[PDB]
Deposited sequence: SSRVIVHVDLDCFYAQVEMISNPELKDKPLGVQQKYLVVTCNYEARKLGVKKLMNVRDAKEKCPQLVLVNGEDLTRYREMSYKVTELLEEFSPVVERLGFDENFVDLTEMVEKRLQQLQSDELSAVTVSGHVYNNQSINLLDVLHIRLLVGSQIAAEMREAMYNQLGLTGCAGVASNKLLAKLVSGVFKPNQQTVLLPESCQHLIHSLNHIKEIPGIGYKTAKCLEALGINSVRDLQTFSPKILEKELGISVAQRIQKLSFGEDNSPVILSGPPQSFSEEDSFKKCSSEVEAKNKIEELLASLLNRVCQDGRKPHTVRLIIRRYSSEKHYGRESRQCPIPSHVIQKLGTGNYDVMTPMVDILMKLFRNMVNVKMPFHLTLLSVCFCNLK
């Protein structure tokens, strides 16, 4: 019936990794750069105006002192990301990754086992760990409150472990489903945690300022809802099911309307090993359609070392590209093809293997998928 889900969200992840590499970067405003962008920065620099995904220029003309480290090679970020996930899996096996810095853990079973260990007395001593959303009063006789509180305790144990064993700080949100857990994890933003009691669900959902802010409603859907006059969470909650169903599909429509009410029955999915491996690269439009495949040889280099390490082998390869011109807000192409059973068991072959797929066709990326 009722679940206890925790959402773990690491603070400015790349920055934390770069700060751990070179300690001299601490306290000093740090920004991690990829090409001409500052993807993320530590809180210090953030205090000085630096915002995530901001042009270097606008970043230095806002903080003419900001230090920058290149973060185009995701290798170390990716490695730490899995150590975090594995550490969480130790607490409970059902852990879902969302990007490199977020994880969802279904704590339901763990909470039950812990509660069954408590005696008819110490159950009244159950306390919360961290913040209680909207400073809501706890009712120790509400079984749902007790469960979420134990959930807050586990969350605190997880964050303490991440810090002690891995040197990382982060936020956590504890709630009855993934939607709410993710929305509440960020209420007290820096290295802290919050728990959501049922009675405050509407307050949390309505605290949002636009449907776009709801996890599960992307750039597209948002614009669709807008063209319909739906802008606030309450608009969506009160809109006609039928029309919404008749314009977004019965699937999408019924799902996002549930979300507007803070309802979300999606299960936390066990991520396990990656379903694919890939590396990209965007050039200043410097690929003459030919000879510029030496770049593809570079991508393959690292990948091959990665595809290797994992142990499993990929039975499919792919190549994706881009083209410069107008304002193509969306434009990618890729030629998918099977990988020779013999070559699976090295570059040379694969090189021209991608080369043919090449000709058949500002960015270039090789993706090894269909792992077995």
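If you line the structure up with the deposited chain, the stretches without a C-alpha atom are 346-353, 370-378.
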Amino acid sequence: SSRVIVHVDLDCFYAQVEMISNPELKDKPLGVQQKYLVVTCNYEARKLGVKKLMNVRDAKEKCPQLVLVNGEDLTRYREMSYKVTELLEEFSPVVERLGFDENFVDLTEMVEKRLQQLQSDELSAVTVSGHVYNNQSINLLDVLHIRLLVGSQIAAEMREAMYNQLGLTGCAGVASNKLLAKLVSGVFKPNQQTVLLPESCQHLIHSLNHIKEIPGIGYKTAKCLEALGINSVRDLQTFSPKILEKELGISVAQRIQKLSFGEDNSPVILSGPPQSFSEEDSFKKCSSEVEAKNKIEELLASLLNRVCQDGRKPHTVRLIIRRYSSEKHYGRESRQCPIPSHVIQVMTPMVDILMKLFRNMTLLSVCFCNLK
From here on, numbers count along this sequence of modelled residues.
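Basically, rigid core = biggest C-alpha set you can superpose within 1.5 Å across the two forms.
Annotation: of the segments 284-292 and 119-127, 284-292 departs further from this form in 9 other deposited structures of this protein (C-alpha atoms, root mean square over structures and residues, core superposition). Annotation: of the segments 96-104 and 244-252, 244-252 departs further from this form in 9 other deposited structures of this protein (C-alpha atoms, root mean square over structures and residues, core superposition). Compared with other entries of the same protein, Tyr43 falls outside the group left without coordinates by a third of them; all model it where both flanks are modelled. Compared with the other entries of this protein, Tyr324 is consistently built, present in every one of those that build its neighbours rather than absent from a third. Between 55-63 and 41-49, the higher mean Cα B-factor belongs to 55-63. Just going by the entry, 248-256 versus 154-162 on mean CA temperature factor gives the higher value to 248-256. Between the residues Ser137, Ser129, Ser282, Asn265, the entry's highest C-alpha temperature factor is the one at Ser282. Across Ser288, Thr108, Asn209, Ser240, the entry's maximum B-factor at the CA atom is seen for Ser288. For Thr75, the recorded CA B-factor ranks within the lowest third of the chain. Only modelled residues enter the ranking.
In this PDB entry, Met361 carries a Cα temperature factor that places it within the highest third of its chain's modelled residues. Compared with the other modelled residues of the chain, the Cα B-factor recorded for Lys295 ranks in the highest third. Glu213: CA B factor in the middle third of modelled residues in this chain (values from the PDB entry). Sorting the modelled residues of the chain by their CA temperature factor places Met19 in the middle third.
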